[PDB]
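Asker: okay, here's the opening piece of the assembly, coordinates as they are in the complex:
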Amino acid sequence: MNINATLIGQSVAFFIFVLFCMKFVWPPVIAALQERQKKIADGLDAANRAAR
């Protein structure tokens, strides 16, 4: 079955969830992800400085 209805409704609803994720969800998770990498990088570098 195919009847054209609710096309504009779903189109607008998608942008709302995309911009919400972009502002609220995405930045804090990447910051927390980078901190572990930075802490481990500092730890491995500090171990090399100790030998040096």
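Answerer: Sure thing, it's come through. Numbers count the residues shown, from 1 in each chain, chains lettered A, B, ... in the order given.
Asker: mind checking how far stretch A:43-52 is from the chain centre?
Answerer: Mean C-alpha position of stretch A:43-52 versus that of the full chain (C-alpha atoms, centre = their mean, to the nearest Å) differs by 31 Å.
Asker: now do stretch A:20-30
Answerer: Counting by C-alpha atoms, centre = their mean, stretch A:20-30 comes out at 5 Å from the chain centroid.
Asker: can you say which helix or strand has residue A:47 in it?
Answerer: helix A:26-51 (DSSP states H and E).
Asker: and that helix, what does it pack onto?
Answerer: Contact partners of helix A:26-51 among helices and strands, from 3 or more C-beta pairs under 8 Å, 6 or more residues apart in numbering; DSSP states H and E: none. Any C-beta I mention is one placed from the backbone N, CA and C, and that applies to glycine too.
Asker: residue A:52: neighbour count?
Answerer: By the criterion of other C-beta atoms under 10 Å, residue A:52 has 5 neighbours.
Asker: put chain B on too:
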Amino acid sequence: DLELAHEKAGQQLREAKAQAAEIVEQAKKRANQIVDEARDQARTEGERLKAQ
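Answerer: Chain B, in position alongside the others:
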């Protein structure tokens, strides 16, 4: 590990600077002995030339 490395590094450098000063003091004892022996030798040599 970094703190332990700095403690061991600093402690052994104390030993090296203490040992370096001790080496130089023994050289000063030797230096004083060789000029003392020369000053007494010169005293006996001048006595020999005057008797001659």
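Asker: please re-evaluate the neighbour count of residue A:52 in the presence of chain B.
Answerer: By other C-beta atoms under 10 Å in any protein chain shown, 6 other residues sit near residue A:52.
Asker: ok, and the closest non-adjacent residue to the residue in chain B positioned nearest to chain A?
Answerer: Minimum separation of chain B from chain A (C-beta to the nearest C-beta) falls at residue B:5, amounting to 4.1 Å. The spatial neighbour of residue B:5 that comes closest, neighbours along the chain excluded (C-beta to C-beta, 6 or more residues apart in numbering or on different chains), is residue A:50 at 4.1 Å.
Asker: check contacts around the one you found.
Answerer: Residue A:50 is in contact with B:1-2, B:5, counting by C-beta atoms under 8 Å, 6 or more residues apart in numbering or on different chains.
Asker: could I get those residues as TSV with neighbour count, secondary structure and distance to residue B:21?
Answerer: As requested, the contacts of residue A:50 are arranged in TSV below (neighbours: other C-beta atoms under 10 Å in any protein chain shown; DSSP: H, G, I helix; E, B strand; the rest coil; distance: C-beta to C-beta, whole Å):
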residue	neighbour count	secondary structure	distance to residue B:21
B:1	11	coil	31
B:2	11	helix	29
B:5	15	helix	25
